[PDB]
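Take this structure first; my questions come after.
In order of appearance the chains are A, B, C, D, E and F, and numbering begins at 1 in each one.
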Amino acid sequence: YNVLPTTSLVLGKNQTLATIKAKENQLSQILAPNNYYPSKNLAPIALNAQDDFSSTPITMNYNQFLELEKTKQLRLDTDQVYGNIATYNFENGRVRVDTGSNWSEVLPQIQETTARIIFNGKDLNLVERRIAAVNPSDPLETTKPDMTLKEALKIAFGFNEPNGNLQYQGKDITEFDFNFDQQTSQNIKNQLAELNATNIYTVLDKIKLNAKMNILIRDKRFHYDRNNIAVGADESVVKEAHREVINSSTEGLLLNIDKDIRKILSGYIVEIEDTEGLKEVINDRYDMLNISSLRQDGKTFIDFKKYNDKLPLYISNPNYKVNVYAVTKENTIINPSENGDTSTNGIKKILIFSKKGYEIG
Amino acid sequence: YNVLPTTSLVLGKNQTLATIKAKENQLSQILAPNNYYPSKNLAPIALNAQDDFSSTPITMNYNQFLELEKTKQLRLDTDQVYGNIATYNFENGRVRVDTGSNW
Amino acid sequence: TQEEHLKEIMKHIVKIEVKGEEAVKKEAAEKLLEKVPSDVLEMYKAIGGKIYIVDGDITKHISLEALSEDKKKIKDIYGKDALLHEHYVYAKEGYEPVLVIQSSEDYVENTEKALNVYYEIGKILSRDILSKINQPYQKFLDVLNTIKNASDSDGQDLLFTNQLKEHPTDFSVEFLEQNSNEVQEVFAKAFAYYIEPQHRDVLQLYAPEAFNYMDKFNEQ
Amino acid sequence: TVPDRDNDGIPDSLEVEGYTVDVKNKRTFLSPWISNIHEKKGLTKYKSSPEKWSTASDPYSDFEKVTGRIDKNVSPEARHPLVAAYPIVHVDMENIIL
Amino acid sequence: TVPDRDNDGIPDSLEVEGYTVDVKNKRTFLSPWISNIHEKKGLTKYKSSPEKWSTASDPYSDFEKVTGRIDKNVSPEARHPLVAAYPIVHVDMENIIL
Amino acid sequence: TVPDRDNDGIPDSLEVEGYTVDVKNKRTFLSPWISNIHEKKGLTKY
């Protein structure tokens, strides 16, 4: 409550233009979790002031102005956030804001006493949970009940053992991989050395957790970048999600593509193969890949017409092959090559769709 | 907690340009030990004001401007740092800031 | 302060030792009888009275078998119909009077439940303890008149049935003879409201005279 | 007088040995854990610190978190005492105007 | 009534002669020092002033520092009462803009 | 002493089982719900 972030306008590598605390025009009274201020239908708010009474605009000199209009690199950092707690009153039930206390008092207390677990199996989104675990060198911290890893995963992420096997939704835990920083990985190494076990997946009910641990749990299917975003799968997985064709037309394709899967695909490639074999690509540019639209019925819709000058495909002979290929984010390009290459030539395409011309319409 | 350093812009040997107390744009709520404000991945903060309501830029005259563009010697001193203690409460366990007391 | 409120709400909320279902059921019934003055309880066992706290349907009992299915159609203290096998108290008119109740948690919760049990006890007094030496009986006969002819029909909408209200004439000093049934149901009603602590002021309210009598009656 | 060193309205042996909250008619009752009854109802066994008013050190007691006398914007998976409840706020920038 | 002149919740003879803090089940107990038991557990013998509420004069009591009822951002080596706990802040300058 | 855990000046069994507010002469009285009287007056069970 009473959210006032402290942010920073930065040019270049680390050339900070300005550091601005949010003023009373920029106050957010409520920021409930999984929400935006302002709401997503409304337009974002405007920050343009430096004074405490908001009477001075944010100033830029000449050289920074030239560098900004050349490089267009203007980044924004979130340094710290002011905000209060409202507490319950046993008197009348009314939850009231203490303006004195803030989360600044509380967040390092939470960080130094808990284990942190980040998990992205719910729609490839990094979900962070901190769970209280024992620091042995702190006598007050040892007064907590012990936390195994499996119990923590059960209570924190809604996991279950419906058949004695730990599961997130209908997926097994064994399809997820574990990642640890060096201290936590060392401690897990020591605990597995003491338990004389090799597979961690067998001993999840015995893993004693401690304070300040860090546990990253990802899907084994997808490939991840530096920032641990899902970037791309193997070919076996991408094909498996496209085995459901709904509408075949020369205007587009309607498929029931899995919501998780589609989020790692940048775009699509549409070509036509001869009966002897040619490679004539309709959308033959690096920036002609975005055709995949998502209808509100839960079915992803492909469209040939968007990059064919408002016209459907051209079937010169109904015995050809109409190929539609997809591009992962790890394989996509965002600029032409060295010399001039604005084509789909050097792209790691994946076979999703290959049907004849008399089987479409 | 509530870190407000008092710093000083100095030219030359000991030619002090200005002495500035950190204002509310420059407040640091938490500075835990072995840490930076802001964090090392983020860019450092900008100090450019003299007023208590941050409405006057930090001014330099002509001769100091010439000497700065000749010598490029502009040093920064940390004179004193304002900041508070948060103490434990035996009532509810909550560690609370006394704004009255300081280090 | 906030902790004092916390101590209030927890003393209400937190329990530690479990009496168990059978003990709680019995204890709850006992607590009801503690509101009843032992003045009438001793007079009940004096005339050969037994108190039972059974479970399930009351009709399924040893001391009460299938006696006369007509009386298994009952009205509550509100006068709304009820099937006895779904109820939780019944008093027996016979040469060996005996009262039997169901056992429930709700006898420390449902004041409505308690109110009908004090109602049936009110019957027990009004006939099985009062019908003997009722006469001259004028002591209660006069206060019942005041409820009839007065402003605010509330008191007679509280205690009288749908018959004594609509009887146009004032109450004759023969009606108690012909209808010792109806005049003792009223006494059973006003008893239960008086005994039940929360409906007590309600009796002082809507029927001040019936309270004024039943207040005097017990304590002296 | 039963002890509660953490002063959070809930005694120490219950926080150690396991407990639960159960409504009976319209009233919340703080029972200690019994596996014959509460396990059949699906009630979750709770353990917390006998000396921490807030075992997760968040600004909410153990008792408020198990009772429900809390800010309801707290997520339901954060209603367990060993689960911390805290905001994570970061700002995105949609547009520049120079 | 045992004396504690320093009023820090811990008596004077224990601060003089040595003491320790030990959990037993889930509860911290302030024992005086016994070498037969606490030395085998690896517990550190503690001595502090009987007349200083904070023997290191930092704004934290002796009892808070040995108990753990403290700001947890205090370094663990500063959790000893004879070790002071204080910030050291200095500002660096990365860049000029004229 | 009748309990009111919610401390709102009205006891707990009445809030559970039904109640009403009724004036008699010029004075508001917090009655528990009785269907013989308050229903005929048109009072709303709470």
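By our rule, a residue touches a chain if its C-beta (ideal position, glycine included) is under 8 Å from a C-beta of that chain, and two chains touch if they have at least 3 such contacts.
> Using just the Cα atoms, superpose chain D onto chain E and tell me the rotation angle to the nearest 5°.
Angle of the fitting rotation, chain D to chain E: 50 degrees.
> Please tell me whether A-B or A-C has the greater number of C-beta pairs in contact.
Answer by contact count: A-B.
> Relative to chain C, which chain has the most distant C-alpha mean position?
Relative to chain C, the chain whose C-alpha centre sits farthest away is B.
> So how far apart, in whole Å, are chain E and chain F when each is placed at the average of its C-alpha atoms?
Here chain E and chain F have centroids separated by 58 Å.
> Just how far, in Å, is the C-alpha centre of chain D from the one of chain B?
Spacing between the chain centres: roughly 41 Å.
> Please report how many Å separate the Cα centroid of chain D from that of chain E, as a whole number.
About 30 Å separates the centre of chain D from that of chain E.
> Averaging only over C-alpha atoms, locate the centres of chain B and chain E and give their separation in whole Å.
Each chain's C-alpha centroid was found; their separation is 32 Å.
> Provide the list of chain A residues touching at least two other chains, using ranges where the numbers run on.
Answer for chain A, listing residues that touch two or more other chains: 14-16, 75, 90-91, 93, 101, 106-109, 113, 140, 143-145.
> Give the residues of chain C that touch two or more other chains, as numbers and ranges in rising order.
Where chain C meets two or more other chains at a single residue, that happens at 3, 5-6, 9, 12-13, 109.
> Show which residues of chain E lie in contact with chain A when the two form their complex.
21-23, 26-28, 66-69, 71-73, 76, 79, 94-95, 97
> Which bits of chain F are touching chain A when the two form their complex?
For this pair, the touching residues of chain F are 6-8.
> What residues of chain A sit close enough to touch chain D in their complex?
3, 5, 7, 31-33, 44, 46, 48, 60, 65, 68, 74-76, 78, 81, 83, 85-88, 90, 93, 95, 101, 103, 106-107, 109-110, 113-114, 128-132, 140, 143-145, 147, 152, 155-158
> Which stretch or stretches of chain D touch chain A in the complex?
Answer in residue numbers: 16, 47-52, 55-60, 64, 69-71, 73, 75, 77, 80, 82-84, 86-98.
> Considering only the defined contacts, which chain C positions touch chain D in the complex?
Residues 3, 6-7, 9-10, 12-16, 18, 105-106, 109 of chain C touch chain D in their complex.
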